[PDB]
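Student: Need coordinates for the following:
(one chain, ligands or ions: 1)
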Amino acid sequence: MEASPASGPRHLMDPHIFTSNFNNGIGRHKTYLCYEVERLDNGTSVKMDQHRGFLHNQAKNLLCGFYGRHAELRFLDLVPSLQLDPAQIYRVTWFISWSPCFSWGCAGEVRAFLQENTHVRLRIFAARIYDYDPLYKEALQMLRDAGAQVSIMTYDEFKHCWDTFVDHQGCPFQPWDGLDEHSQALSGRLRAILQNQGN
Ligand SMILES: [Zn+2]
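Tutor: Residues are numbered from 1 along each chain as shown. Below is the structure:
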């Protein structure tokens, strides 16, 4: 009920940088984390333009004291610089390509965040699963008890997240040939973990 939803022709990742990065079917590259900040007003979610961004894993300077750190951590590191205003409600959307790590390290950090700032809705989206151990399981549960929304990246999210996290300057998304395949596959996995009753 207001003109129309804006885009983001600012300085976003290059069309290719995004695709190649989210190249469905990886094995080793660099975890990606796209955080989106939005305010909740009477069911009316207003997506901010100059408040969102994206990060990438880092592990090549552990000699300077900055031991290997995940994007999730290096990310929240900017929250203190935003001095959020709990005055109202907020909506932080997480877009991850790589599954979480030590459910206690990554998730834990978030858990406390909510337990202290439950005035914000955190949505977790896992596009690709890849870690050191299958611990990702406990991560799904430990998080579930947090209230956060855990789900696998969807096609609809790909289109939005695309034009949203890209300087498409007004260009469509390029999906690979096999969405129902990788989608049904991944989605099938999550469900499995979500299936702990009935039999
Ligand atoms: Zn982590």
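Student: Show me what from this structure comes close to the ion.
Tutor: Residues of the chain lying near the ion by CB under 5 Å from the ion: 70, 72, 101, 106. Where C-beta positions appear, they are placed from N, C-alpha and C, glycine not excepted.
Student: Of those residues, which pair is most distant in space?
Tutor: Longest distance between any two of the residues of the chain next to the ion is 8.1 Å, between 72 and 101; criterion CB to CB.
Student: between these two, which one's more packed in?
Tutor: For residue 72 versus residue 101, the count of surrounding residues by other CB atoms under 10 Å is larger for residue 72: 23 against 19.
Student: Specify the beta-bridge partners of the nearest residue to residue 130 once chain neighbours are set aside.
Tutor: Nearest in space to residue 130, with sequence neighbours left out and distances taken as CB to CB, 6 or more residues apart in numbering, is residue 98 at 5.1 Å. Partner residues in beta bridges with residue 98, using DSSP bridges, are residue 128.
Student: ok, now which ones touch residue 98?
Tutor: Going by CB atoms under 8 Å, 6 or more residues apart in numbering, residue 98 touches 31-32, 57, 128-131.
Student: What residues of the strand or helix carrying residue 93 count as buried?
Tutor: Using DSSP states H and E, residue 93 sits in strand 89-98. Neighbour counts over strand 89-98 (16 or more other CB atoms under 10 Å) mark 90-98 as buried.
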